[PDB]
Amino acid sequence: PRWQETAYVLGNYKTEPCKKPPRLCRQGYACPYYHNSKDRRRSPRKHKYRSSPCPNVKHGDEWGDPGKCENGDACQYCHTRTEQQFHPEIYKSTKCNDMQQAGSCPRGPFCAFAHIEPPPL
RNA sequence: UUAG
Ligand SMILES: [Zn+2]
Ligand SMILES: [Zn+2]
Ligand SMILES: [Zn+2]
């Protein structure tokens, strides 16, 4: 429901699974629900984990299967890129480059980077 | 250790 506000994105983005499994979903940032394990995000309200990647999952530059961390959902490290990008300490912390260049961002309300200060009224 |  409240996807248009950043506070809700923070609390809920890819916390839950997409109703529709067909390929109609662009299967990425455009859908606020998760489609696989590598897309999944533990809600930071239920699970307290650090911004840093779990090295049992992230080997170098590749995010791998989050299973194969023997810690499971109790791991105090991020298990997916989504978990990191939308971490309370990471989210909107850095200027969105696409917005700074073009004046528009394709990821829109699901960009994990900062856009421009909105006016209040 | 943010660039999907
Ligand atoms: Zn979906
Ligand atoms: Zn782990
Ligand atoms: Zn953006």
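Here is the naming used below: chain letters follow the sequence lines, and residue numbers restart at 1 for every chain.
A/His79 places its NE2 atom 21 Å from the P atom of B/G4, with the value rounded to the nearest Å. Summarising the geometry, the separation between CD on A/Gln100 and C1' on B/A3 is reported as 14 Å, rounded to the nearest angstrom. For A/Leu10 and B/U2, the CG to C1' distance is 13 Å, given to the nearest whole Å. Here the P atom of nucleotide B/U1 and the CD atom of A/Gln84 are 8 Å apart, to the nearest Å. One interatomic measurement links the two molecules: CG of A/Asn97 to P of B/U2, which rounds to 14 Å at whole-angstrom precision. What separates CZ of A/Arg81 from P of B/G4 is a distance of 6 Å, to the nearest Å.
A donor and an acceptor atom never sit less than 3.5 Å apart when one is taken from the side chain of A/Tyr91 and the other from the base of B/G4.
For the pair A/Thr15/A/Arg45, no side-chain contact is recorded, criterion being any heavy-atom separation below 4.5 Å from C-beta on. When side chains are defined from C-beta on, A/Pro53 counts as touching A/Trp63, because their heavy atoms get closer than 4.5 Å. Inter-residue side-chain proximity for A/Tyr91 and A/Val9 is flagged as met; some heavy-atom pair is nearer than 4.5 Å. Using a 4.5 Å cut-off on side-chain heavy atoms (C-beta onward), A/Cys25 and A/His35 make contact. Contact check for A/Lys19 versus A/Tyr33: no side-chain heavy atoms found under the 4.5 Å cut-off.
Nucleic acid contact class of A/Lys92 (heavy atoms, under 4.0 Å, all strands): base.
Remark: A/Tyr29, A/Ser51, A/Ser52 in residues 28-66 of chain A come within less than 4.0 Å of RNA chain B through at least one heavy atom. Using a 4.0 Å cutoff on non-hydrogen atoms, the parts of residues 104-118 of chain A near RNA chain B are A/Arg107, A/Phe110, A/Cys111, A/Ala112, A/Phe113, ordered by number.
Annotation: the span from A/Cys78 atom SG to A/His87 atom NE2 amounts to 5.5 Å, rounded to 0.5 Å.
A cation-pi arrangement is present between A/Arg42 and A/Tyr49, with the terminal nitrogen or guanidinium carbon under 6.0 Å from the aromatic centre and inside a 45° cone about the axis.
Counting all heavy atoms, side chain and backbone alike, A/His115 lies closest to A/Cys96 at CD2-CB, 3.4 Å.
In this model, no donor atom of one side chain and acceptor atom of the other lie less than 3.5 Å apart for A/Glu16 and A/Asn12.
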